[PDB]
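**Student:** Below is one structure. I have some questions about it.
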Amino acid sequence: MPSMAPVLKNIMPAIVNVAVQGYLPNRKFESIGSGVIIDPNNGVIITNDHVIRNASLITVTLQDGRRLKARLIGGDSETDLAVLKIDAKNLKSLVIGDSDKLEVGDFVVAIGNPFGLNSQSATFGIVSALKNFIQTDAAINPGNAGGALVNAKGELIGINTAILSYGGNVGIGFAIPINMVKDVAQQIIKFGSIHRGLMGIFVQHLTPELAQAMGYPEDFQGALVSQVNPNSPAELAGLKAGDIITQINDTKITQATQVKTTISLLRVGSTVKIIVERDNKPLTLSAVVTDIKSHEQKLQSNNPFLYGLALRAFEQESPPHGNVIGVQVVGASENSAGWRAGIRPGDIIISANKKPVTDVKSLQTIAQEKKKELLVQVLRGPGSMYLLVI
Amino acid sequence: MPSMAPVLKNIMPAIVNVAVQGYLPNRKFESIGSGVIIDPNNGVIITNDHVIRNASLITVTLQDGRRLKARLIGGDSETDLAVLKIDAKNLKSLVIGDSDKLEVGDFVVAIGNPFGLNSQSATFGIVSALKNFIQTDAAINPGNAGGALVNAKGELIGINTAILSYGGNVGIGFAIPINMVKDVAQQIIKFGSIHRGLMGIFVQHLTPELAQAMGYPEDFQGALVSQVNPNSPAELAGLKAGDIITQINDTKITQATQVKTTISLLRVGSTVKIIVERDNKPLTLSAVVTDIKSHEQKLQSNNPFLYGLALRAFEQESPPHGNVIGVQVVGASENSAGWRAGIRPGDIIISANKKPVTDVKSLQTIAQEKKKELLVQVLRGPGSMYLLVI
Amino acid sequence: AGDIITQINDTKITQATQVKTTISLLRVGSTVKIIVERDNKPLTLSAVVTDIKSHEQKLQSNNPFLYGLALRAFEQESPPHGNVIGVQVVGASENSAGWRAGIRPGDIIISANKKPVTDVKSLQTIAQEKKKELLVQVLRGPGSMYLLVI
């Protein structure tokens, strides 16, 4: 007779309980979930960042009734993963699969603790879709989070995370593929965390309708680039709106949504090779993943007194003033060095450092002048005002 | 290791998205569901009539991202099926199974798009019951409608349609057996639609309790005939209340509910052989499926001025009138040639074409008289009235 | 504009609302003889009636994809873009060729059919290239999207 016990038996202790206590800064809360042992010797354990979030104590419980105090090595919420360490020895694991060999229709068993139990719950199904989730109809309910999704030979291939559904299993659960898991695990393990980078690209799905419309076979495949922001690594590398990304380093691109998932795993400083069909010619591009703090910080020292604004040219007969000629503020970043000194949306900058301000460029050449402050002169409907922008 | 991928791989593109837009005459609505390709060369596609209903545009999307405009060849709601055509080529299919070889306990995979996705969702289970539905515990949620239910060798054996359950999968889904599907598909394909017929039979389930009670072994099997309406094909063929239908053309009858499902697939004009145990003697009967419009229309020209009424004999001392002798209207079809001329329920027809009207037969022999109108004389409580029935 | 109507065909015209009543009665194909005052010089004109739905068609035809959308030159310094230049879409008919294709009012069309858009004319120039489609590169806030208009 066929059975899934022969493999499940060896591997259950690899899966653990994860109970969590604490309070949310916006109330006490107990938050129960699951977890997996990926380094029996160092006690390295994986779980969902959402389970352990806002924890003071993280109690793990293995199969043998051992209740252990756990420590959070590091935990990225954007991929909703967290690494854990426990100082007990005599721990078991399971082999770590390769999520890329998985095929829709593969059999699959989810291991976790939905609702209560203290030893563990296992449930059966197939792989139903690949996205960056894995979809499965193997049951997954509250408490399954952080637990294991293993293949027909018992190899860790996924960490179960979400359901679609007043939310019972319904037959649609989501797990992160294990390849991703290894990837974020070592980074967190190693650097203690993940530094995400910027690119300066916006990317949309290539409809055959589109591919064709740009002179391509209606089964050409890739991700259409709609914008490339200026002074962004994407543009340094020499990318352009219109380009179709076909390939990023190793990964092959057939959907837009892939580009974001390949990249948002790269450490700051990572080179990324971008193969990009452009006007039927193929051209390999290299871009550097840079620091989202420094980059912001850089454009700020680049465009100094004027960063965070949205300007335009203005020419109007306006009582009481007469004929207004300045630049018009069309918006203002509330944390902008503009807004702080007083500039609100709607204002007309008709002067700066006692010079006449005509077009947007006339104003920028004035902020060009090396000083510690911009002395700006604004209108605000019927009345004016000077404002000192530092 | 065992797997369902080896077969699912070849057959997924056979299944499609079906999005639908429009408004209900009783509001704009988007109505998403699924669909299957049963003629890769002619682009013949099946789905549930309920998905495509009230559509203006029917957008299909195959696996390769091709978004196609679709046309409704024809669609029967009573079986909730619809045939679709699309003018693209390079389409794949799957083999069409035989729903009659299926056996409770067979493994089975449902393919469709519950909720969003644009490529497709597949889910596993067994065949749980046969009814005219197929029951399965393979997951089925909103958006699965119109999609495929295939057997352990990947052959189309069903079109998933309904769930039992604020309605998630719960493990009880319904698909129409494919044999039925072929049947309605060609008819719609061919004649562009299905003309359902009349019989004039009412049929109930033969309890052993009943079978025995009519002098039969308590494991005799069939459908008990409770009524046979007059001038109905059932009666022409020579059927009778009391008879037990054992067999209809090819099909073998073991439940009542079968009779309705075998017959409501027959084109107007179809002969239907009915084998029927009667007083322990077997007698084969042949009946003709006739037109439900003409048949109504026929009884109407048969019984002319009196169709749609429910009459009875009446003899009462009634102030102010004295002793009333007429026929009593006990009801009236609101769309009856009676009701329109004025006759309401409760009326006493005490005369017609200036002759005395005593018993129901006395009235019918008068409507017998060939003319263009019946001049009828009614009472209505304390007062009377003449009414001209055309 | 600025013309004063004196009479339509034979019917002389003494009031403003005379006109609308006179016309709506005329069968389509007829040939109206409008006589008009322009700077004290009376002038006589020949114009031909046509059907409303038929007309609308002429409007949809003479302009392939930009029908139903109000348009004006755009220039602004706009994070995260830098200095945007394109034509801004002011209004987009509920049933405009573009509204179907995905356009919403507000969008700033920086390129069409792979060519840079600047003034309003440049876009139409481009929209007259004898094509099956218009591929419009819009901006929407801090975001870009490509649209195929048909």
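Going by the structure tokens order, chains are called A, B, ..., each with residues numbered from 1, while ligands are numbered from 1 in the order shown.
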Please check the contacts: residues of chain A at most 8 Å away from chain B, using only C-alpha atoms, listed as a list in words.
**Tutor:** residues 103, 104, 105, 106, 107, 125, 126, 127, 128, 129, 136, 137, 152, 153, 165, 170, 171, 207, 208, 209 and 219 of chain A
**Student:** Specify as a PDB file with N, CA and C atoms, in the first residue's frame all residues of chain A found within 7 Å of chain C, counting only C-alpha atoms.
**Tutor:**
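Written out: part-v4.pdb:
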ATOM      1  N   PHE A 202      11.047  51.340 -13.652  1.00  0.00           N
ATOM      2  CA  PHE A 202       9.688  50.869 -13.551  1.00  0.00           C
ATOM      3  C   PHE A 202       9.379  49.973 -14.713  1.00  0.00           C
ATOM      4  N   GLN A 204       6.847  46.920 -16.636  1.00  0.00           N
ATOM      5  CA  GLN A 204       5.524  46.360 -16.871  1.00  0.00           C
ATOM      6  C   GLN A 204       5.552  45.120 -17.755  1.00  0.00           C
ATOM      7  N   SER A 226       9.221  50.971 -18.511  1.00  0.00           N
ATOM      8  CA  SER A 226       8.429  52.180 -18.757  1.00  0.00           C
ATOM      9  C   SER A 226       9.115  53.485 -18.352  1.00  0.00           C
ATOM     10  N   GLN A 227       9.875  53.453 -17.261  1.00  0.00           N
ATOM     11  CA  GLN A 227      10.706  54.597 -16.897  1.00  0.00           C
ATOM     12  C   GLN A 227      12.066  54.230 -16.287  1.00  0.00           C
ATOM     13  N   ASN A 229      14.521  56.548 -13.911  1.00  0.00           N
ATOM     14  CA  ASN A 229      14.658  57.837 -13.238  1.00  0.00           C
ATOM     15  C   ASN A 229      16.047  58.409 -13.458  1.00  0.00           C
ATOM     16  N   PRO A 230      16.190  59.750 -13.377  1.00  0.00           N
ATOM     17  CA  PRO A 230      17.523  60.310 -13.648  1.00  0.00           C
ATOM     18  C   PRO A 230      18.432  60.301 -12.417  1.00  0.00           C
ATOM     19  N   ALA A 310       7.855  70.795  -6.565  1.00  0.00           N
ATOM     20  CA  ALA A 310       7.417  70.594  -7.945  1.00  0.00           C
ATOM     21  C   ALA A 310       7.066  71.947  -8.570  1.00  0.00           C
ATOM     22  N   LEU A 311       7.934  72.425  -9.462  1.00  0.00           N
ATOM     23  CA  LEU A 311       7.865  73.793  -9.975  1.00  0.00           C
ATOM     24  C   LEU A 311       7.248  73.871 -11.344  1.00  0.00           C
ATOM     25  N   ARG A 312       6.837  75.065 -11.744  1.00  0.00           N
ATOM     26  CA  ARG A 312       6.425  75.310 -13.126  1.00  0.00           C
ATOM     27  C   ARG A 312       6.525  76.790 -13.465  1.00  0.00           C
TER      28      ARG A 312
END
**Student:** Which residues come within 10 Å of residue 68 (chain C), counting only C-alpha atoms, excluding same-chain residues fewer than 6 positions away, as a list in words?
**Tutor:**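 The residues satisfying every condition are residues 59, 60, 91, 92, 93, 94, 95, 96, 97, 98 and 99 of chain C.
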**Student:** Could you save the residues just selected, with N, CA, C and O atoms, as a PDB file, in the first residue's frame?
**Tutor:**
ATOM      1  N   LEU C  59     -16.238  62.369 -36.954  1.00  0.00           N
ATOM      2  CA  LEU C  59     -15.371  62.853 -35.872  1.00  0.00           C
ATOM      3  C   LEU C  59     -14.412  61.774 -35.373  1.00  0.00           C
ATOM      4  O   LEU C  59     -13.223  62.044 -35.160  1.00  0.00           O
ATOM      5  N   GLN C  60     -14.929  60.556 -35.204  1.00  0.00           N
ATOM      6  CA  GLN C  60     -14.103  59.405 -34.832  1.00  0.00           C
ATOM      7  C   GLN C  60     -13.089  59.018 -35.911  1.00  0.00           C
ATOM      8  O   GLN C  60     -12.000  58.528 -35.594  1.00  0.00           O
ATOM      9  N   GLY C  91      -8.961  65.930 -20.195  1.00  0.00           N
ATOM     10  CA  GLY C  91     -10.194  65.121 -20.111  1.00  0.00           C
ATOM     11  C   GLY C  91     -10.273  63.920 -21.051  1.00  0.00           C
ATOM     12  O   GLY C  91      -9.822  63.987 -22.195  1.00  0.00           O
ATOM     13  N   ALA C  92     -10.865  62.823 -20.587  1.00  0.00           N
ATOM     14  CA  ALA C  92     -10.887  61.591 -21.370  1.00  0.00           C
ATOM     15  C   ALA C  92     -12.268  60.947 -21.432  1.00  0.00           C
ATOM     16  O   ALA C  92     -12.699  60.300 -20.474  1.00  0.00           O
ATOM     17  N   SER C  93     -12.949  61.103 -22.566  1.00  0.00           N
ATOM     18  CA  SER C  93     -14.336  60.649 -22.708  1.00  0.00           C
ATOM     19  C   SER C  93     -14.549  59.240 -22.170  1.00  0.00           C
ATOM     20  O   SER C  93     -13.761  58.333 -22.454  1.00  0.00           O
ATOM     21  N   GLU C  94     -15.618  59.062 -21.398  1.00  0.00           N
ATOM     22  CA  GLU C  94     -15.976  57.740 -20.869  1.00  0.00           C
ATOM     23  C   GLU C  94     -15.885  56.641 -21.936  1.00  0.00           C
ATOM     24  O   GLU C  94     -15.577  55.480 -21.645  1.00  0.00           O
ATOM     25  N   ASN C  95     -16.152  57.038 -23.174  1.00  0.00           N
ATOM     26  CA  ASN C  95     -16.058  56.161 -24.318  1.00  0.00           C
ATOM     27  C   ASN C  95     -15.120  56.800 -25.355  1.00  0.00           C
ATOM     28  O   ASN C  95     -15.489  57.020 -26.520  1.00  0.00           O
ATOM     29  N   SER C  96     -13.905  57.126 -24.906  1.00  0.00           N
ATOM     30  CA  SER C  96     -12.837  57.576 -25.811  1.00  0.00           C
ATOM     31  C   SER C  96     -11.936  56.402 -26.175  1.00  0.00           C
ATOM     32  O   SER C  96     -11.779  55.469 -25.394  1.00  0.00           O
ATOM     33  N   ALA C  97     -11.359  56.456 -27.371  1.00  0.00           N
ATOM     34  CA  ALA C  97     -10.502  55.384 -27.879  1.00  0.00           C
ATOM     35  C   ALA C  97      -9.355  55.091 -26.908  1.00  0.00           C
ATOM     36  O   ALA C  97      -8.958  53.929 -26.724  1.00  0.00           O
ATOM     37  N   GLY C  98      -8.861  56.159 -26.278  1.00  0.00           N
ATOM     38  CA  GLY C  98      -7.864  56.080 -25.218  1.00  0.00           C
ATOM     39  C   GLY C  98      -8.339  55.565 -23.865  1.00  0.00           C
ATOM     40  O   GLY C  98      -7.611  54.816 -23.214  1.00  0.00           O
ATOM     41  N   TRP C  99      -9.535  55.965 -23.423  1.00  0.00           N
ATOM     42  CA  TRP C  99     -10.087  55.473 -22.149  1.00  0.00           C
ATOM     43  C   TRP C  99     -10.189  53.944 -22.136  1.00  0.00           C
ATOM     44  O   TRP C  99      -9.870  53.305 -21.125  1.00  0.00           O
TER      45      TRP C  99
END
**Student:** Quick one: everything within 12 Å of residue 292 (chain B), counting only C-alpha atoms, minus sequence neighbours fewer than 5 positions away in the same chain. Send it as a ChimeraX atom specification.
**Tutor:** /B:195-200,232-233,267-269,297-299
**Student:** Out of region 100-224 of chain B, which residues get alpha helix (DSSP H) from DSSP, as a PyMOL selection string?
**Tutor:** chain B and resi 178-191+208-213
**Student:** The selected residues should be written to file as a CSV table (one decimal), in the first residue's frame (atoms: N, CA and C atoms).
**Tutor:**
chain,number,residue,atom,x,y,z
B,178,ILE,N,-18.5,14.6,-18.5
B,178,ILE,CA,-18.1,15.1,-19.9
B,178,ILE,C,-19.0,14.5,-21.0
B,179,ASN,N,-19.5,13.3,-20.8
B,179,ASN,CA,-20.4,12.7,-21.7
B,179,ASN,C,-21.6,13.6,-22.0
B,180,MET,N,-22.2,14.1,-21.0
B,180,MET,CA,-23.2,15.2,-21.1
B,180,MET,C,-22.7,16.4,-21.9
B,181,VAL,N,-21.4,16.8,-21.6
B,181,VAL,CA,-20.8,18.0,-22.2
B,181,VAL,C,-20.7,17.8,-23.8
B,182,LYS,N,-20.2,16.7,-24.2
B,182,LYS,CA,-20.1,16.4,-25.7
B,182,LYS,C,-21.5,16.6,-26.2
B,183,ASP,N,-22.5,15.9,-25.6
B,183,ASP,CA,-23.9,15.9,-26.0
B,183,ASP,C,-24.4,17.2,-26.3
B,184,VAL,N,-24.4,18.2,-25.3
B,184,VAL,CA,-24.9,19.5,-25.5
B,184,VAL,C,-24.0,20.4,-26.4
B,185,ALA,N,-22.7,20.1,-26.5
B,185,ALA,CA,-21.7,20.8,-27.3
B,185,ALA,C,-22.0,20.7,-28.8
B,186,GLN,N,-22.2,19.5,-29.3
B,186,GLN,CA,-22.5,19.4,-30.8
B,186,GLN,C,-23.9,19.9,-31.1
B,187,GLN,N,-24.9,19.6,-30.3
B,187,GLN,CA,-26.2,20.2,-30.5
B,187,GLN,C,-26.2,21.7,-30.6
B,188,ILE,N,-25.4,22.4,-29.7
B,188,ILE,CA,-25.4,23.8,-29.7
B,188,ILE,C,-24.6,24.2,-30.9
B,189,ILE,N,-23.4,23.5,-31.1
B,189,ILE,CA,-22.5,23.8,-32.2
B,189,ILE,C,-23.3,23.7,-33.5
B,190,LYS,N,-24.0,22.5,-33.7
B,190,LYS,CA,-24.8,22.2,-34.9
B,190,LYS,C,-26.0,23.1,-34.9
B,191,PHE,N,-27.1,22.8,-34.3
B,191,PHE,CA,-28.3,23.5,-34.4
B,191,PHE,C,-28.3,24.9,-33.8
B,208,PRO,N,-38.0,0.4,-2.0
B,208,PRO,CA,-38.2,-1.1,-1.9
B,208,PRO,C,-39.5,-1.3,-1.3
B,209,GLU,N,-39.8,-0.4,-0.3
B,209,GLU,CA,-41.1,-0.3,0.4
B,209,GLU,C,-42.2,-0.2,-0.6
B,210,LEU,N,-42.0,0.6,-1.6
B,210,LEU,CA,-43.0,0.7,-2.7
B,210,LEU,C,-43.0,-0.5,-3.7
B,211,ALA,N,-41.8,-0.7,-4.3
B,211,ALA,CA,-41.7,-1.9,-5.2
B,211,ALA,C,-42.4,-3.1,-4.6
B,212,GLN,N,-42.0,-3.5,-3.4
B,212,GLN,CA,-42.7,-4.6,-2.7
B,212,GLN,C,-44.2,-4.3,-2.7
B,213,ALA,N,-44.6,-3.1,-2.2
B,213,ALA,CA,-46.0,-2.8,-2.1
B,213,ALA,C,-46.8,-2.9,-3.4
**Student:** One decimal, Å: what's the distance from CA of residue 33 (chain C) over to CA of residue 14 (chain C), could you say?
**Tutor:**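 Separation between CA of residue 33 (chain C) and CA of residue 14 (chain C): 15.8 Å.
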**Student:** Can you check which residues of region 37-139 of chain C DSSP gives as strand (DSSP E or B) on the backbone and send them as a PyMOL selection string?
**Tutor:** chain C and resi 37-38+41-48+69-77+83-92+108-109+111-112+115-116+134-139
**Student:** If we count only C-alpha atoms, what is near residue 322 (chain A) at a cut-off of 12 Å, once residues fewer than 4 positions away on the same chain are taken out, given as a PyMOL selection string?
**Tutor:** chain A and resi 315-318+381-382
**Student:** Nearest to residue 121 (chain C) among C:71, C:103, C:149, C:85, with distances taken over only C-alpha atoms: which residue is it?
**Tutor:**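 Closest to residue 121 (chain C), using only C-alpha atoms: C:71.
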**Student:** Quick one: everything within 7 Å of region 44-57 of chain B, counting only C-alpha atoms, minus sequence neighbours fewer than 6 positions away in the same chain. Send it as a list in words.
**Tutor:**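 So the residues in contact are residues 20, 21, 22, 23, 24, 31, 33, 34, 35, 36, 37, 38, 75, 76, 77, 80, 81, 82, 83, 84, 85, 145, 146, 147 and 161 of chain B.
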**Student:** As JSON, numbers by chain, please: the residues near residue 133 (chain A) (cut-off 6 Å, only C-alpha atoms, same-chain neighbours under 4 positions excluded).
**Tutor:** {"A": [174, 175, 176]}
**Student:** Would you please work out which residue, of C:2, C:64, C:116, C:106, is nearest to residue 242 (chain A) when using only C-alpha atoms?
**Tutor:**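 Smallest separation from residue 242 (chain A) among the options: C:116.
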**Student:** Please compute the CA of residue 41 (chain B)-CA of residue 265 (chain B) distance, one decimal, in Å.
**Tutor:**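 Atom-to-atom, CA of residue 41 (chain B) and CA of residue 265 (chain B) are spaced 26.5 Å apart.
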